[PDB]
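**Q** here come the first chain(s), positioned as in the complex:
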Amino acid sequence: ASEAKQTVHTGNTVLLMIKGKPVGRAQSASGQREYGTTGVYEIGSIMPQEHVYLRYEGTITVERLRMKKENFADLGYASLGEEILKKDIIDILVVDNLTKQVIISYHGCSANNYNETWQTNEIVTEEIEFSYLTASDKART
Amino acid sequence: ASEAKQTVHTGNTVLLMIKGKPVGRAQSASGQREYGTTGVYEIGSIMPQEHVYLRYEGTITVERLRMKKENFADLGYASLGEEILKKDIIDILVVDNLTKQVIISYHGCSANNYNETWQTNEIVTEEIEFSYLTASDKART
Amino acid sequence: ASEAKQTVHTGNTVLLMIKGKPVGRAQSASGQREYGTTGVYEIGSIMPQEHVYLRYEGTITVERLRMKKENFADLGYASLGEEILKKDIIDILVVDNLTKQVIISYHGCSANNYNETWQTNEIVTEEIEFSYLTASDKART
Amino acid sequence: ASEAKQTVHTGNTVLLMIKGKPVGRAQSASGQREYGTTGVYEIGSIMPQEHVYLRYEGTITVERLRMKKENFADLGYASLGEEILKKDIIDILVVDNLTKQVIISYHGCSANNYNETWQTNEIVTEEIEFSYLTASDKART
Amino acid sequence: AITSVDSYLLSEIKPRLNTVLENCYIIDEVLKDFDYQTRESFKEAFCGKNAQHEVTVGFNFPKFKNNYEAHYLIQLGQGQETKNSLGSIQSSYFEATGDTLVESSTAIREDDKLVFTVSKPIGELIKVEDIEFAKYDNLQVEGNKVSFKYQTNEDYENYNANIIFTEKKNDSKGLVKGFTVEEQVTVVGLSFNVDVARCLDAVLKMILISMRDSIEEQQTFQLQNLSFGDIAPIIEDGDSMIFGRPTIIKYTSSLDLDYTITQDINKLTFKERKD
Amino acid sequence: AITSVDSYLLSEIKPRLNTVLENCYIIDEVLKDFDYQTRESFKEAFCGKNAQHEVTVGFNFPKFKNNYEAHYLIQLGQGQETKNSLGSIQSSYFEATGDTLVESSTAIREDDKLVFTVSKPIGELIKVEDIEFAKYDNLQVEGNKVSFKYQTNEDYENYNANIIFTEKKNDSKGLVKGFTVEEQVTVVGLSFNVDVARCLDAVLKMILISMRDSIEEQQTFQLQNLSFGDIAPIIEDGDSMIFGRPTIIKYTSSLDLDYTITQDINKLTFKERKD
Amino acid sequence: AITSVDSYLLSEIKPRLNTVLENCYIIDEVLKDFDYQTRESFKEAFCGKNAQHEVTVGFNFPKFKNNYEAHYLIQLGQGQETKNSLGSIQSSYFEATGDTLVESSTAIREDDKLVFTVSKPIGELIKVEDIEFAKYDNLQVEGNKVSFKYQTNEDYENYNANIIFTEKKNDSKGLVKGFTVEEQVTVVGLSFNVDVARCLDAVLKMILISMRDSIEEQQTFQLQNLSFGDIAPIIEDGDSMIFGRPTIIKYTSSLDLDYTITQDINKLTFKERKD
């Protein structure tokens, strides 16, 4: 039996896709958003009379195991030097394994920092952190 | 036997409710309040002569498992871009499972930051932190 | 046998009392005091010629399990909004279970911050931090 | 057999003494000293030509289990308020259990901060941190 | 209030299990995921008002023979102390209070007040269903009955309310001394037919789920955890094996005792001194 | 919705295993790494439509003799509770919903709308294959059938679509109370020939891989983990030993129950007070 | 002061258990949660002054037959060292002191002072009930008796006070050398009737709760922890089984020894030197 009213997402029901290509052996991803809320304090009140949105900052991180082929450097998505200046924006999509419907998409993603670890006793891993213009959860049912 | 004089609250005796809707698969929530107490020091005393309240800052966090439906983004409570500017305030209520009486309510809640984690070996989780104008524990017996 | 010359205090020989009322299901409490000692350095010496007391800062924290009744909010000791401004000072007493003699008392306690945690797998807990004017260990034998 | 040429100090061969009184149920103590060494850098050298001593700062901490009698507050060594201003300096001695010879003595000790912890499942503990004028290791054989 | 988890389990299980097995709709809801064959066989055997076969429940080591077609077996298990408060203090009470009771009570008219009657006196009123009395109504409790102003509420003269309240025992006051205990209790279903055991385990799980809304364990036995063992042959020396899947239930309760106080201050002797 | 992992495993394994053993290409893909001898022997024995020898699957402790040439043996194993929500609340539903169904349905013409028919009514429409209806199409569901505007879509009058949807049971509303359970189930292949056991284990691994795309465990039994034991002689007392390599499968599922609510507000009584 | 936990347990248990079983009100308070049948049976058997049946307590391995209707069995268990101080120093004393005593003593009139007499001399006065002597009262202890000024307190000539004090042994002084020990002691109730064992365990728990207010374990045996085992058949070789539920009690105590000092300084020899 399978009652959809209580289902949740997991690692086996999600795909990470770039330019249609599913990135392989991807391990984890985290998303952050900051609206920069600030309160307004009058003289005759310790309490904040109201809150206001001021600034939108958002970053997304991706952890991956470096495949011998189609690594982020080979794919051209990342960069290692002045080649970065010629790299255009990208959109990173999280799409449902079952229906292939979209769960959340990040628009105008741009790379922030690049990390790779070479270790003796463990598989090679690399991490990338992007900064995006806007997020979207459209194209739903 | 059940002597009410010693009972305490637990995860099985509490409900988290928004706009009447009970949020599903909610895991944890924390509440913080800062009165900004400061002392007054005279010249002829190392001791603080008195303390005074100056500033009220309060935040509440919520941890949840992303259901495939009725997630904070789908519910319209959260936001992912400029849609936030059209989102009005909300009130988050913690209500007793037994009696449906209120334990504590936060008024004029506003969103501060949004966090979601996609991981391979664990269920998806998301965290939201709100900033509220005032708290209340009224409507008791 | 029981030789009092070596006895020590423990959780089973102490009571935490406010306004005569013993607070129930209290778990822990910590007390801090800072005299702000500073040294005096002359030109012809690297060593500090003397130390002097300058400023007295002290805080006490209390951890508790939220009983369904007589919680810090219901007791009126804490506050959740502008109600705080009408709350007067209190004295928090640590008294011996055996003799009901006093061990240490804090005078002119005032609330600094308020923390409460709602969790699924554990009993609800709340923490309060107070700032006090003076401490006393009088009324002994 | 017991060859003294290799012996070391331990918790069973040390006593902590104040004003001749051995403090009871003392657990640990740490001592810190800072000479504030700084280098001198010329224009024509990246290397530091020489180092110089500038400032002597030293602190000692003591951890204890609060006995029902002769606690640091009852002994008059510590203080809880303006009584501190009438407390004179003290000398804290670490003396050998075997010979009663001195190992290290701190002169002109003055109190910096006072910490006490009341906990439910563990014995009560208190911590004191002193600031001293000078240290000495005289009176040896 | 010392806690006997086994007796509470038995008292909760017996009527609730009988009610669940009474009707077919609930059983069909429970056994949705199971196959047609086992579901229908269990329904034919045990389900329905007129069921010929019947399940039973009891404690371990009974000197008499026990039915092994379908039975719930309970044994007490281990226990541990997990948390304590300062001085072992749990709560303070001014009036001795017993169990928490829920009673239905239709509203009644009195010359100045609408009232509800109750079986026993009131130590404290927790909640009245779907009511939030204001100052105007001036809610007052006077022993057995609770009352509110007649005039402005006169539309509700026969309100079919229900009440959650607490018994009153004495007017004395004292302190509650005790601690929290983390206890484990084992429950296993027995049947020479394995499919019956599986269905019995599923029913057990459902009634454990349903119990979480109960007043007593909401107030006394919070933090319920479950753990299931493997299907194993309980006995091999009979003509046919006994099959059962043990389950371990965990609870947290506050063992406590009321320490009375005879000290009551009613006068003050403020006098000065001279030298 | 109580979960019976063993029955789901059996239902997934039997048709899928039969289909996999039906054709030789898939088996050759599976057994790429094995040597020629064992691969070809297993293919000769079990593979192909016209295979004379056949594998079987069933639960443990069968009273009848069980074929030990090649068999899949299942036993239930342990279970544990891992995570909980506040008040044990999992989800809230306005309309009672059963299983999630996938049905193929060719498009049909209606005087104002193109429509798809379905076997059973609709509680909620999740997805229509390769379609993202816009406002202009005005997607509407009316019981059994789903519909969209005829005129601007008239090219697709016979679109061979398929539908993922959910059954409708009642119009009542309630709350879902339950928790998550982390369960372990053991599966072992049996054969007096060790090579057959190895190949059987490989086939088992492949079908477990293939199952991850299934709807039910995508919705119900997430977080699949595997663990393999050592090849051991299961029995030594026969004329020849039985060899098998147990495998442990882990799953996470949400045991839950639907708690109905009869409270429905339809009127408001806002009145002032006087003094 | 070396600690014998078993003897202290026996001495605390015997009179306290007898007093608890003396009256019915306390037993009814204890057994509130139990069913009517077992509660009333235990009350009939053991409770009341005129009870015919009686419980017993003793150590393990008694060479004589021991009553197995209801008995408390004690065994010493393990122990461990947990914490130490510098030089193993625990405390310093100027006057040798024995146990801490509590004595009731009615006030008496002396020509200049009100006084209380005591059984034995005083090494140190900890507390006098409901009194906080000021400087004016000039509290003084002179061996057996404690005294305060007559004139301004003359209203209290017959004050029914009680005293918590400490015995005096010698005028010598020394050091206390020792450490802390974390000890475990096992206690189990025995009965061929399981219900009697359950009730006995509940009574044991209550008396352990009550003991926490005792002077000795407040001063010597702090940090009490409890742990309960499963109900098990202690013996099967008799005509009928023995049933018991072991309980483990933990304590923390300070094993210590008084090291006397003969060095006493009474003169000083401050002299200069010349060269």
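**A** Ah, there it is. Numbering: from 1, shown residues only, chains lettered A, B, ... in the order given.
**Q** near chain B, which residues of the stretch 1-150 of chain E?
**A** With C-beta under 8 Å from any C-beta of the partner chain as the criterion, the stretch 1-150 of chain E meets chain B at residues E:1, E:3, E:90-91, E:93, E:97-100, E:124-127, E:132. C-beta: built from backbone N, CA, C; applies to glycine.
**Q** longest strand in the chain, please.
**A** Reading this off chain A. Secondary structure of chain A per DSSP state E: the longest strand is strand A:102-117.
**Q** sorry, should have said chain E
**A** Secondary structure of chain E per DSSP E: the longest strand is strand E:173-191.
**Q** that one near chain G anywhere?
**A** Yes. Applying C-beta under 8 Å from any C-beta, one finds strand E:173-191 in contact with chain G at E:177-179, E:181, E:183.
**Q** what is the nearest of these to residue E:118?
**A** residue E:178 (28.6 Å; C-beta to C-beta).
**Q** what's the local residue count around the residue of the stretch 51-200 of chain E found nearest chain G?
**A** Scanning the stretch 51-200 of chain E for the residue nearest chain G gives residue E:79, at 3.5 Å (criterion: C-beta to the nearest C-beta). Using other C-beta atoms under 10 Å in any protein chain shown, residue E:79 has 24 neighbouring residues.
**Q** equivalent analysis for the one 5 residues further on, please.
**A** A count of nearby residues for residue E:84, using other C-beta under 10 Å, gives 22.
**Q** ok, it touching residue D:120?
**A** Yes. If you go by C-beta atoms under 8 Å, residue E:84 and residue D:120 touch, sitting 4.8 Å apart.
**Q** identify the contacts common to those two.
**A** Residues touching both residue E:84 and residue D:120 by C-beta atoms under 8 Å, 6 or more residues apart in numbering or on different chains: residue C:11.
**Q** throw chain H onto that model:
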Amino acid sequence: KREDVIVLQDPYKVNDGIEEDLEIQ
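**A** Chain H now in position relative to the chains above:
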């Protein structure tokens, strides 16, 4: 099996009024 752990008194048999070792003539 012997009765040690639990002991019950000897059963209450119904007596007969016939004197034992009774002379007859």
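**Q** ok, back up a step: any residue of the longest strand of chain A up close to chain F?
**A** No. Using C-beta under 8 Å from any C-beta, strand A:102-117 stays clear of chain F, with a minimum separation of 9.9 Å.
**Q** buried sites along that strand?
**A** Residues of strand A:102-117 classed as buried by neighbour count (16 or more other C-beta atoms under 10 Å in any protein chain shown): A:102-106, A:109, A:111.
**Q** same thing with stretch E:151-163?
**A** Here stretch E:151-163 shows E:153, E:159, E:161, E:163 as buried, counting by 16+ other C-beta under 10 Å.
**Q** how about the nearest residue to residue A:11 once chain neighbours are set aside, what does it touch?
**A** Distances taken as C-beta to C-beta, 6 or more residues apart in numbering or on different chains put residue B:120 closest to residue A:11, at 3.9 Å, once the chain neighbours are dropped. Applying C-beta under 8 Å, 6+ apart to residue B:120 gives the contacts A:11, A:26-28.
**Q** quick one: which of those is nearest to chain H?
**A** Nearest to chain H among the contacts of residue B:120, counting by C-beta to the nearest C-beta, is residue A:11 at 60.2 Å.
**Q** in chain A, which residue sits closest to chain H?
**A** residue A:1 (53.1 Å).
**Q** what's the first-to-last distance across stretch E:79-92?
**A** 26 Å (C-alpha to C-alpha, to the nearest Å).
**Q** mind checking the SS state of the residue nearest to the spatial centre of chain H?
**A** What sits nearest the mean C-alpha location of chain H, by C-alpha atoms, centre = their mean, is residue H:13, with 5.7 Å. Here residue H:13 is recorded as coil under DSSP: H, G, I helix; E, B strand; the rest coil.
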